[PDB]
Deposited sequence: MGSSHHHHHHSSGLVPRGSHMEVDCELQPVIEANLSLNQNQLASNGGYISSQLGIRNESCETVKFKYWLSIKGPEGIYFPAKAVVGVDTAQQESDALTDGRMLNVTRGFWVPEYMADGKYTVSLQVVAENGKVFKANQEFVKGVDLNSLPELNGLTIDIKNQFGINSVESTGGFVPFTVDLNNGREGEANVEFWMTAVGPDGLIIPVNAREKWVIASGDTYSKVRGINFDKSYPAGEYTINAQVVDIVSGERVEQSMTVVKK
């Protein structure tokens, strides 16, 4: 209501050598009162990458904003899925975020994979938040071995949340999956009443034991 943030990327797909993404940042204040805020632009990626694109700027809307900022994604950074985040904090403490994705070295609109073993992990019903009094979110997990041979995989899930919490969601499992078979399950987490308010990254990890390659899938759930 007091702030609306908009984010647009000119490109959503880079090759493995990386490249350049230009972003259009739009911030409007439709409310009746004038408004003070700080904003910035950051990126999150595979293998724990976080990096800034645009530094913290204070803005008094008395003294709609439109800016374009770009950044280089270099080749050394890991191939996979990245999230760009325009973040605004209003003086009153309200947080507004506009997010967009790009990929590096993999196809957008293709499942993440480990050389032919695809990882389809989803928030089953698109449930992005639960009440402070608690709620339960199931996730579907489908590991499809499209290889000619066996896949020897390990799989687990945690919920990385407020107050330094890392809540187990799926214990470590190992499966030898034959050519053409699919390991399939539904796994949910109950956000108990007692868990703290805030943002939880439901973080799934899948490893090929033989190649040693890991892919993560990360999904957000807010406890209100």
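**OP:** Can you give me the gaps, meaning deposited-sequence stretches with no C-alpha coordinates, in sequence order?
**Re:** Deposited residues absent from the model fall in 1 to 28, 92 to 101.
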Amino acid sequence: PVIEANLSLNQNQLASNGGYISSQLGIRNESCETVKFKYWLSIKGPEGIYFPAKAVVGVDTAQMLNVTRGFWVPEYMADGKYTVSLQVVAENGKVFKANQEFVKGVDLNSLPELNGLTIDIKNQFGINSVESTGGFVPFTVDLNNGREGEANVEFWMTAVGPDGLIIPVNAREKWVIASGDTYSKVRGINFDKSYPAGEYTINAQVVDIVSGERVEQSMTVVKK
From here on, numbers count along this sequence of modelled residues.
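Subject >> Between the two ranges 84 to 92 and 133 to 141, the one averaging a larger CA B factor in the entry >> reply: Stretch with the higher mean C-alpha B-factor: 84 to 92.
**OP:** Could you check the entry and say whether 154 to 162 or 36 to 44 has the higher mean CA B-factor?
**Re:** Higher mean C-alpha B-factor in the PDB entry: 36 to 44.
Original post:
Out of 197, 169, 27, 49, which one has a C-alpha B factor higher than all the others in the entry?
Top reply: Across 197, 169, 27, 49, the entry lists the biggest C-alpha B-factor for 27.
Subject >> Chain-relative CA temperature factor third for residue 211 >> reply: As the PDB entry reports it, the C-alpha B-factor of residue 211 lands in the middle third of its chain.
**OP:** Can you work out whether the C-alpha temperature factor of residue 73 puts it in the lowest, middle or highest third of the chain?
**Re:** Middle third.
**OP:** Taking the chain's C-alpha temperature factors as the reference, tell me which third residue 193 falls into: lowest, middle or highest.
**Re:** For residue 193, whose C-alpha B-factor we compare with every modelled residue in the chain, the answer is the middle third.
Original post:
By its CA B factor, does residue 124 count among the lowest, middle or highest third of the modelled residues in the chain?
Top reply: Lowest third - that is where residue 124 ends up once the chain's C-alpha B-factors are sorted.
Original post:
Taking the entry's C-alpha B-factors for this chain, is residue 12 in the lowest, middle or highest third?
Top reply: Tercile = highest for this residue's CA B-factor.
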